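First, one chain by itself in structure tokens, the form deposited in one PDB entry.
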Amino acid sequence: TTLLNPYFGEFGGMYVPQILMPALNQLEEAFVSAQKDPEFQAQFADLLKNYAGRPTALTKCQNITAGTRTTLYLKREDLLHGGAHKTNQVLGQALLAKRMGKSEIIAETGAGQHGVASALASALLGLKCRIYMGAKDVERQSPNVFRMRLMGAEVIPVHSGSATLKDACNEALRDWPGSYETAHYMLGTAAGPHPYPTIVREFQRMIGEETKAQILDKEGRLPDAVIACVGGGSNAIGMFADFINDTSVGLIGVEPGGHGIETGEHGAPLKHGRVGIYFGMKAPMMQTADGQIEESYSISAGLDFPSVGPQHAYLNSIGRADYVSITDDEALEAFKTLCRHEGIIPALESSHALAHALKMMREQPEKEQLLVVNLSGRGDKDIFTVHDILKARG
């Protein structure tokens, strides 16, 4: 029995062992109550203004579009404190954790971005944070590791299964049933069991609402299409939400194509996997004929989740958003374009979102179109990876 819907058409639900049910239901009731709570809403509004740096600017990119009929703006969540949009919803899941009387945070991370995020919000808000990271992600992300320990979090490496992000998500779900009376499980994407897809959307939704007002004021009309990358779905559903009811606006989500869809080495389950139930939910997954779950592959760490948020599978099924894919190459080009033309170094995640907007302009250069790309983080974390590639080739 739940207060809100757990499903978006067929996809969603709460597929967890019975002993996790009361933690979900208790979360869901905390969240319903906070959303009508005007005090809670002012407390979260004040953290995101004064601490994390909202609103985030909308930058026009005139140099990249010259000699076409594309107007391109970049919503800049790379300027938010900790350098990616992941900060918006950790502040809000930590504030919910306080409202339930909790003192402790559980988190899962892959490349380490969400690990950080949840370590900085737990440091600011006086929570004791422990995080699970697959050992493979441990060893290749020693920068992130050290930052979470600076910020007082305890970091636990998970050696099971494939020892990456999903084996992390698995160890999260195993600890929480022993601890949910003082510990809040701070999931880092718009996916997993209900209520987590709804809550992450609504604590990311100001991406969209400030984009609408900032385009209305600069161009006096709405975008022809908003564009975002899709690893689990949160920055994209945060961009799209407030535009789902303005049916002339385009919603485009971009998945990682890796080496290419045909090699099978990609992260694009939404258009290229099959409906399964895993991590709590019924959604598209990367899995065998047989049903074992696989890893995604992307040059971008942050998009490597072999499933996707259920609200994204739903808005694909009814044709209100469209989903496509960009290859490791494509995204490396769009990363070099933005550094040399606009002096903005984007995250390899967001570079796929921009790669598709550059093909939208390059394919049809005299189509008049107003395009916003959500540039979901910066890309300092990625310059060794791109130098090592470029070096390997010359």
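Just count from 1 along the sequence shown to find any residue number.
There is another form of the same protein, the form deposited with a small molecule bound; it is not shown, and what comes next is about it.
With respect to the small molecule in the bound PDB entry, the three residues 108, 188 and 231 uniformly fall within 4.5 angstroms at the level of their nearest heavy atom. Using a 4.5 angstroms limit between non-hydrogen atoms, residue 223 is distant from the small molecule in the bound PDB entry. Contact annotation for residue 86: at least one heavy atom lies within 4.5 Å of the small molecule in the bound PDB entry. The small molecule is not shown here, but in the bound PDB entry it comes within 4.5 Å of a heavy atom of residue 114. The small molecule in the bound PDB entry is approached by residue 165, whose closest heavy atom lies within 4.5 angstroms of it. Per the 4.5 Å heavy atom criterion, the small molecule in the bound PDB entry is contacted by stretch 298-306, the sole one of 263-271, 315-323, 241-249, 298-306. Between the options 283, 227, 97, 169, the residue in contact with the small molecule in the bound PDB entry by a heavy atom within 4.5 angstroms is 169.
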